[PDB]
Structures are given as C-alpha cells and as structure tokens.
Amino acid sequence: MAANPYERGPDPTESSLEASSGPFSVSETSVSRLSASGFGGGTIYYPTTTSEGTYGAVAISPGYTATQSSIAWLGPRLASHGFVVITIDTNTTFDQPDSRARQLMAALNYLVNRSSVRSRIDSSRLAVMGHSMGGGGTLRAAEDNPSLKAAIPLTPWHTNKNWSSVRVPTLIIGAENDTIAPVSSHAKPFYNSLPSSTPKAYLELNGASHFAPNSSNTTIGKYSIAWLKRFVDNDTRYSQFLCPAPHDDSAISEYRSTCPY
C-alpha cells in the first residue's frame, strides 16, 4: 500500500491528464437555489466509486454576469480524476469578487455538512477555483481561509492587487490576450504579490482570450488536475508535471544543473 493514504487512481501520465476523462466514472446531482444556504445552487459532480476512500472537494465560481454553464466542463473533467466538484451559481449574477469568495465557502460548507454525497468527502481537504470575478473570489477565499488546500484562479479579476497574506498553494492561470482582465493589471500583479514561501505557479495561455476557461481546454485541465492532486491529495506523483526535470525519465536516476541557460 502507498505510504500516502490520499493517493487515488493509477500513476499519472501526460496522456491521461490531457484526455477528456480520468479513470473514475462520474455521477451528478444538483442543489436548488432555495436549498443552497448562502449561494445560488449548483451541480455536484462526484466519482461514483467509493472503494478507494474518500475524496477532496472543490467549489468553482463563474464570473460576472455568468452562470454554471460557463464552467460546467470542469465538473466532469476534474471529478473523473477523483474529486467531488460543485459548480455554483451565485446569489445574483452581479455579485462582486468578495461576495463570490463567501459563496465559495458556503458551497463547501453545504458539500461537507448537508449534500447527499457528503460521506465520500474528506472535509479536511478542500479547494476553491473560479473564473474571472470568480477567480478574484478564489484569491479572497484563500486569503481568509488558510485551511484550504489549493486555490486556482482562472483569468482572475479583482481590484485588490495585494495577495501577500495568501498561505494556500495557488496556481494562477492567465490568458495572454485577455482584454477584460489583462494579465498586466490582474493575473501577473496577483502572482507577484503572493509570498515566495507559498507553493505557487503562474501559467499563461498562449494567444488566449478572457473566455478560454469557458470551454474544454487541454492545458487548463491538465495543470488544474495536477495542482489539485499535488496539494489536495499531497500526491507527489504529480510533481513531475508541475516541476519537470530530466530525472523524471526512468533511465535517469539523478540530474543536477545550473539551469536556466
């Protein structure tokens, strides 16, 4: 048995992370706007099987004026690698980033305490993600809830540029050609303000617009899965994708260098 009790699924490959679906079959259920205390309802995607143990959970927020349909593809994509995922609607489509941060935490609270799949969730291993103003909300949730295990803002938008108190592992995904939350005034200032003692990464999508996160995207899927695995599951089998090195090769037992050059 693997030393890490949170490892789920077979050893990962680039192929298996780029594919449309991971190793786990996915089921879905929903929570109505009325039943959802403190948020606008959502769809819950979960692995049908329970025989490998409980899973971490992830809440995902859409952006300004948007609904679940703009982030829906992330549900099956991420859940099929071993996570319980809720794609939320917000109380109103005009909610600002700090309101979305509270709604992300309210959705996690619902999943852990009241949802029909709460028994397959490890309530100590939670994460937040979001698009645009939902990505701004992701940063605020990570700042205010340091017990979160991972945060992934997608083309984030926020008027606060200083995230120097974030102590949650954070992967920021920016879109090179974003004209709505330009990376020069949003994503990059956010990344630069995060502490260097916090595990972090910035991934910029070549040629991409603000709406790249709203449809199936091999790169967003690959690195979001690797980030959630590495930090929600402590799964160091995924370090090879986040921090590649020649010694990932089976023929190479060690590799040192004075890279970059």
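In case it trips you up, residue 1 is the first one in the sequence shown, and so on.
**Student:** Is the mean CA B factor in the deposited entry higher across 205 to 213 or across 52 to 60?
**Tutor:** If you average the C-alpha B-factors of 205 to 213 and of 52 to 60, the larger mean comes out for 205 to 213.
**Student:** Using only the Cα atoms and their B-factors as the entry lists them, report which of 162 to 170 and 91 to 99 averages higher.
**Tutor:** According to the entry, 91 to 99 carries the higher average C-alpha B-factor.
**Student:** Which of these, 106, 79, 154, 121, has its C-alpha atom at the highest B-factor, as the entry lists it?
**Tutor:** That would be 106, according to the entry.
**Student:** Among all modelled residues of this chain, ranked by Cα B factor, put residue 75 in the bottom, middle or top third, i.e. lowest, middle or highest.
**Tutor:** Residue 75: CA B-factor falls in the lowest third of its chain.
**Student:** Divide the modelled residues of the chain into thirds by Cα B-factor and specify which third, lowest, middle or highest, holds residue 234.
**Tutor:** Its C-alpha B-factor, which the entry lists for residue 234, ranks in the lowest third among residues of this chain.
**Student:** Going by what the PDB entry lists, where does residue 180 fall on CA B-factor within its chain: lowest, middle or highest third?
**Tutor:** Residue 180: CA B-factor falls in the highest third of its chain.
**Student:** Relative to the other modelled residues of the same chain, rank the CA B-factor of residue 188 and answer lowest, middle or highest third.
**Tutor:** For residue 188, whose C-alpha B-factor we compare with every modelled residue in the chain, the answer is the middle third.
**Student:** C-alpha B factor of residue 248, ranked within the chain: lowest, middle or highest third?
**Tutor:** Highest third - that is where residue 248 ends up once the chain's C-alpha B-factors are sorted.
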